[PDB]
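In what follows, a single structure is set out as structure tokens and then discussed.
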Amino acid sequence: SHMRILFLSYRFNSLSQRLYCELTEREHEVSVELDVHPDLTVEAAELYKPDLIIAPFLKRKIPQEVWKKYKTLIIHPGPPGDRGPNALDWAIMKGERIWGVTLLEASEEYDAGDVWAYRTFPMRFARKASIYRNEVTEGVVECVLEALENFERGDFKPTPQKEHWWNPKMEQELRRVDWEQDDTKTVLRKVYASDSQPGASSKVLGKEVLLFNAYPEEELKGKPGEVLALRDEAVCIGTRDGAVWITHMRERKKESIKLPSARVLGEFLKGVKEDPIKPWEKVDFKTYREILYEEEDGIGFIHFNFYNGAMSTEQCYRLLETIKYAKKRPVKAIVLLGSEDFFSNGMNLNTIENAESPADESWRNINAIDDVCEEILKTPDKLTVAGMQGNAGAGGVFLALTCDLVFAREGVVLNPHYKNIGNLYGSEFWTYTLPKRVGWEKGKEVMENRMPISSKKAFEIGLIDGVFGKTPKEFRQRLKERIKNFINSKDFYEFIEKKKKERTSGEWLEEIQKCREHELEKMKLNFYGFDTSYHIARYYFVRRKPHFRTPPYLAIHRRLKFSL
Ligand SMILES: CC(C)(COP(=O)(O)OP(=O)(O)OC[C@H]1O[C@@H](n2cnc3c(N)ncnc32)[C@H](O)[C@@H]1OP(=O)(O)O)[C@@H](O)C(=O)NCCC(=O)NCCS
Ligand SMILES: Nc1nc2c(c(=O)[nH]1)N[C@@H](CNc1ccc(C(=O)N[C@@H](CCC(=O)O)C(=O)O)cc1)CN2
């Protein structure tokens with residue numbers, strides 16, 4: 001089995017990238033045609049002539065010319081019989097206790113085809129994006145692998161649907177948060193169902209907005225719709241029975257972008273008081289904690305729940321503060337855990353795009369990230385560990401590589417390159433860390449590859465030190481146990497004595513400083529040089545500008561010397 005597989009995807013999104021990894025790392029070939037026009041889709045099928053078509057993420061109908069000619073399998077993020085374009089939204093709004101995913105054949109009627117495979121799972125009360133990125137994506141991977149085995153077997157017959165139902169596109173009126181009528185549980189459900197798109201509409205301080213990234217608040221109380229506090233740019237708003245934090249909003253205008261709530265509401269918030277909670281404090285009630293520091297068994301764990309993995313200048317400085325605190329604690333190891341869904345996606349391109357000078361903000365942001373990285377590297381007397389529970393891209397990957405040890409959950413997808421953001425040179429001391437791990441030649445290959453790689457592939461090529469665990473929680477438990485065993489071994493004290501000698505030597509310190517200087521001179525050129533590739537790419541990314549063709553790096557069937 002060395003199949004030629006065509007993906008049809010509206011966007012080469014997290015699910016499409018995970019499946020690309022699983023299939024190519026099994027030596028199948030995967031070409032991608034983006035969903036631009038049915039005529040383009042027909043052309044791509046005739047050009048590539050796939051053994052099999054998989055549609056991981058598709059907003060419109062595959063033309064009959066295609067799927068009547070090539071076996072076409074379609075991902076649906078609901079259990080068998082569920083039909084419609086907003087399966088997860090409805091599941092969350094209705095409070096389903098069980099959900100699932102289905103791999104079904106293309107047919108004329110939407111989501112009506114025979115079932116090739118499916119998986120079910122218990123629902124979490126959580127954002128739609130988190131369910132999509134965890135339960136749904138893991139379940140779809142098992143379905144596609146099972147279908148591949150069925151396909152190459154040759155005698156598989158799919159199971160036609162029996163019971164079924166249709167849920168239409170969900171209207172905003174259903175998502176709209178009414179602070180006076182909605183208790184906290186209802187506000188969470190609506191925001192969760194609409195996160196990360198299209199957001200739950202609401203009015204806040206008289207502004208029509210879309211709400212994102214909600215968290216319950218049990219201590220602060222007030223009037224429904226009253227802003228009770230600010231905390232790391234999230235706002236806390238009274239509900240019918242309590243209060244909810246909203247960390248991000250978007251104004252309901254065509255060109256607006258998702259930003260920290262404080263930046264969207266602006267002067268409307270004048271007078272609200274910051275209610276700070278340091279990451280290392282203990283509290284007994286539910287509240288919003290962007291960064292959390294906890295110590296167990298001689299290990300200091302730093303969770304940083306930065307929305308979408310995007311690290312603003314100010315979030316970097318808050319993370320830096322917590323790393324400095326941890327370096328002063330009696331721990332043997334410091335573990336950077338990111339969040340369950342992302343380790344890090346590097347600089348925050350939205351707060352950059354929103355600044356008066358995106359170039360100056362990029363410069364602020366890359367220096368802030370490098371300060372975090374430098375603080376990590378210059379930790380002579382403690383083990384540092386990156387635990388990648390979730391995906392990482394661009395600078396977020398190289399952030400992890402500054403730690404002594406990098407581990408990742410099974411199924412994490414890595415994008416250790418800058419080809420989507422205008423071929424940035426990158427920093428985070430990659431010119432020091434990457435050759436140490438894989439050599440200069442391989443490291444340059446890694447950064448020239450625009451396609452994703454899995455954590456398994458990253459481990460096999462030496463980019464990271466291990467991969468284990470299927471869920472974030474299992475990964476965290478295995479990580480703690482692995483680090484605990486190490487710091488309680490004789491090997492740890494020998495390693496630390498060596499690291500003390502290396503990381504306090506003038507030779508080492510001057511080397512890493514030169515690496516930062518060289519990287520930042522190159523990023524300066526990216527940010528400020530006459531060539532504005534970086535700013536153009538950031539604009540397309542942040543504004544989600546459509547494609548009018550599939551680039552040849554995705555479409556094998558559209559490269560220059562493509563034959564047969
Ligand atoms: C890493 C990457 C390839 C992953 O692709 P993917 O799995 O399809 O994930 P998405 O692009 O859909 O990201 C999910 C969300 O996080 C956003 N996001 C990801 N990285 C971001 C970043 N650095 N800054 C701001 N937003 C980011 C995306 O806009 C998207 O937003 P939305 O769901 O609110 O609509 C892609 O997210 C990416 O290129 N991010 C930018 C990394 C970067 O260039 N950082 C700056 C240089 S250090
Ligand atoms: N051949 C064929 N093509 C398909 C599917 C199929 O089974 N058969 N299933 C699709 C995946 N699931 C859906 C289900 C419903 C809708 C849908 O309802 N679209 C509305 C617009 C809704 C929107 O705004 O997104 C329309 O009028 O086209 C879109 C994708 C992929 N395209």
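Please note that chains go A, B, ... in the order of the structure tokens, that every chain numbers its residues from 1, and that ligands are numbered from 1 in the order shown.
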
Nearby polymer residues, ligand 1, at most 6 Å, only C-alpha atoms and all ligand atoms, as a PyMOL selection string: chain A and resi 12-14+196+308+310+345-350+393-395+415+420-421+542

Site check for ligand 2: residues at most 6 Å away, only C-alpha atoms and all ligand atoms, as number ranges by chain: A: 58-63, 84-85, 106-112, 169

Exercise: residue A:471 partners within 12 Å, only C-alpha atoms, chain neighbours under 5 positions left out, as an MDAnalysis selection string: chainID A and resid 130:131 133:135 137:139 340:341 388:390 408:412 476:478

For N, CA, C and O atoms, I'd like the residues from the last selection saved as a short mmCIF file (atom, residue, chain, number, x, y, z; two decimals), in the first residue's frame.
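Saved file result.cif follows:
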```cif
data_model
loop_
_atom_site.label_atom_id
_atom_site.label_comp_id
_atom_site.auth_asym_id
_atom_site.auth_seq_id
_atom_site.Cartn_x
_atom_site.Cartn_y
_atom_site.Cartn_z
N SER A 130 -11.66 22.97 21.23
CA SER A 130 -10.94 21.96 22.01
C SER A 130 -11.46 20.55 21.74
O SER A 130 -10.67 19.60 21.64
N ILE A 131 -12.79 20.40 21.60
CA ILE A 131 -13.37 19.11 21.23
C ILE A 131 -12.90 18.71 19.84
O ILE A 131 -12.51 17.56 19.60
N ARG A 133 -10.17 19.65 18.27
CA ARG A 133 -8.73 19.39 18.24
C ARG A 133 -8.33 18.14 19.03
O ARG A 133 -7.23 17.62 18.82
N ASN A 134 -9.19 17.62 19.92
CA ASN A 134 -8.83 16.49 20.75
C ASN A 134 -9.71 15.31 20.36
O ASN A 134 -9.32 14.52 19.47
N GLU A 135 -10.90 15.16 20.96
CA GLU A 135 -11.73 13.97 20.74
C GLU A 135 -12.02 13.75 19.26
O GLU A 135 -11.92 12.63 18.75
N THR A 137 -10.45 14.95 16.49
CA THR A 137 -9.28 14.67 15.66
C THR A 137 -8.72 13.27 15.92
O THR A 137 -8.44 12.53 14.97
N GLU A 138 -8.61 12.86 17.19
CA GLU A 138 -8.18 11.49 17.49
C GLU A 138 -9.14 10.47 16.90
O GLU A 138 -8.70 9.45 16.33
N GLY A 139 -10.45 10.72 17.00
CA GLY A 139 -11.41 9.78 16.45
C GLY A 139 -11.36 9.69 14.93
O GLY A 139 -11.50 8.60 14.37
N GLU A 340 -3.47 22.76 27.11
CA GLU A 340 -3.84 21.47 26.53
C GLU A 340 -3.90 21.53 25.01
O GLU A 340 -3.45 20.60 24.33
N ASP A 341 -4.43 22.63 24.44
CA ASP A 341 -4.57 22.62 22.99
C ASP A 341 -3.35 23.15 22.24
O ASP A 341 -3.15 22.78 21.08
N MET A 388 4.88 19.53 25.52
CA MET A 388 3.98 19.95 24.44
C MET A 388 2.74 19.07 24.49
O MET A 388 2.69 17.99 23.89
N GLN A 389 1.72 19.54 25.22
CA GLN A 389 0.43 18.85 25.24
C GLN A 389 -0.30 19.01 23.93
O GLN A 389 -1.13 18.16 23.58
N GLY A 390 -0.07 20.14 23.25
CA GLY A 390 -0.78 20.49 22.05
C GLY A 390 0.18 20.97 20.98
O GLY A 390 1.41 20.98 21.16
N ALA A 408 6.40 15.50 23.96
CA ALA A 408 5.12 15.86 23.36
C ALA A 408 4.13 14.70 23.42
O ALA A 408 4.50 13.52 23.36
N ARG A 409 2.85 15.06 23.51
CA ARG A 409 1.77 14.09 23.41
C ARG A 409 1.81 13.42 22.05
O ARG A 409 2.23 14.03 21.05
N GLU A 410 1.36 12.17 21.98
CA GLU A 410 1.18 11.54 20.68
C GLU A 410 0.14 12.31 19.87
O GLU A 410 -0.92 12.67 20.38
N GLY A 411 0.44 12.55 18.60
CA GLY A 411 -0.53 13.21 17.75
C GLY A 411 -0.40 14.71 17.67
O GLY A 411 -1.12 15.34 16.90
N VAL A 412 0.50 15.30 18.47
CA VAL A 412 0.80 16.72 18.34
C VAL A 412 1.34 16.99 16.94
O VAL A 412 2.06 16.16 16.36
N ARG A 476 0.52 14.57 30.63
CA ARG A 476 1.00 15.24 31.84
C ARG A 476 1.41 14.25 32.92
O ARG A 476 2.45 14.41 33.57
N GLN A 477 0.60 13.20 33.12
CA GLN A 477 0.89 12.22 34.17
C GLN A 477 2.17 11.45 33.86
O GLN A 477 3.00 11.24 34.75
N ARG A 478 2.34 11.02 32.62
CA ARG A 478 3.57 10.33 32.25
C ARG A 478 4.78 11.27 32.31
O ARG A 478 5.90 10.83 32.64
#
```

Separation of atom CA of residue A:529 from atom CA of residue A:427, in Å and rounded to one decimal: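 Answer for the atom CA of residue A:529 to atom CA of residue A:427 separation: 16.7 Å.
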
Test item, alpha helix (DSSP H) assignment across stretch 210-447 of chain A, answer as a PyMOL selection string: chain A and resi 261-265+313-327+349-354+358-377+395-401+430-438+440-447

Shell around residue A:378 at 9 Å using only C-alpha atoms, local window under 2 positions removed, as an NGL selection string: :A and (373-376 or 380 or 503-504 or 509)

Can I get the selection written as a CSV table (one decimal), in the first residue's frame, with C-alpha atoms?
```
chain,number,residue,atom,x,y,z
A,373,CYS,CA,14.1,31.9,25.9
A,374,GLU,CA,17.2,33.4,27.3
A,375,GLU,CA,15.9,33.1,30.8
A,376,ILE,CA,15.2,29.4,30.2
A,380,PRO,CA,22.4,26.5,35.3
A,503,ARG,CA,26.0,27.7,31.7
A,504,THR,CA,28.1,30.0,33.9
A,509,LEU,CA,27.3,33.0,27.6
```

Filtered DSSP result for stretch 220-336 of chain A, state strand (DSSP E), as a PyMOL selection string: chain A and resi 227-231+234-238+243-251+259-260+291-296+299-304+333-336

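When atom CA of residue A:439 is paired with atom CA of residue A:467, their separation reads 20.7 Å.
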
Test item: residues at most 12 Å from stretch 66-69 of chain A, only C-alpha atoms, excluding those fewer than 5 positions along its chain, as an NGL selection string: :A and (6 or 8 or 38-55 or 61 or 74 or 105-108 or 113)

Go ahead and write the residues just picked, C-alpha atoms, as an mmCIF file, in the first residue's frame.
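Result went into again_37.cif, see below:
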```
data_model
loop_
_atom_site.group_PDB
_atom_site.id
_atom_site.type_symbol
_atom_site.label_atom_id
_atom_site.label_comp_id
_atom_site.auth_asym_id
_atom_site.auth_seq_id
_atom_site.Cartn_x
_atom_site.Cartn_y
_atom_site.Cartn_z
ATOM 1 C CA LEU A 6 -6.065 13.792 -2.644
ATOM 2 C CA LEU A 8 -10.122 18.406 -0.454
ATOM 3 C CA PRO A 38 -15.972 23.264 -8.018
ATOM 4 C CA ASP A 39 -14.302 23.728 -11.411
ATOM 5 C CA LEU A 40 -10.913 23.840 -9.685
ATOM 6 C CA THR A 41 -11.822 20.743 -7.685
ATOM 7 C CA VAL A 42 -12.796 18.892 -10.868
ATOM 8 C CA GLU A 43 -9.543 19.996 -12.520
ATOM 9 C CA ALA A 44 -7.484 18.809 -9.530
ATOM 10 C CA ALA A 45 -9.064 15.335 -9.533
ATOM 11 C CA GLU A 46 -8.438 14.898 -13.261
ATOM 12 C CA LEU A 47 -4.888 16.253 -12.872
ATOM 13 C CA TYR A 48 -3.874 14.122 -9.880
ATOM 14 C CA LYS A 49 -6.098 11.043 -10.500
ATOM 15 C CA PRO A 50 -6.109 9.890 -6.858
ATOM 16 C CA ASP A 51 -6.580 6.373 -5.576
ATOM 17 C CA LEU A 52 -8.764 7.916 -2.862
ATOM 18 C CA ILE A 53 -10.185 11.330 -1.959
ATOM 19 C CA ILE A 54 -10.538 12.448 1.651
ATOM 20 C CA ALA A 55 -12.397 15.655 2.577
ATOM 21 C CA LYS A 61 -20.509 20.180 -2.085
ATOM 22 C CA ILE A 74 -15.970 12.826 3.975
ATOM 23 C CA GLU A 105 -19.036 8.350 1.453
ATOM 24 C CA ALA A 106 -19.746 11.322 -0.752
ATOM 25 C CA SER A 107 -23.288 11.376 -2.120
ATOM 26 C CA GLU A 108 -25.732 13.840 -3.635
ATOM 27 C CA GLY A 113 -23.527 8.611 2.320
#
```

Gap from atom CA of residue A:337 to atom CA of residue A:305 - Å, one decimal: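 Interatomic distance, atom CA of residue A:337 to atom CA of residue A:305: 9.0 Å.
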
Pick from A:406, A:386, A:352, A:554, whichever lies nearest to residue A:449 using only C-alpha atoms: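 Of A:406, A:386, A:352, A:554, the one nearest residue A:449, counting only C-alpha atoms, is A:554.
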
Residue A:332 environment, 10 Å, only C-alpha atoms, sequence neighbours closer than 2 positions dropped, as a PyMOL selection string: chain A and resi 297-300+327+329-330+334+381-384+483-484+486-488+492-493+496

Minimum-distance residue to residue A:309, chosen among A:283, A:204, A:397, A:518 (using only C-alpha atoms):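 Using only C-alpha atoms, residue A:309 sits closest to A:397.
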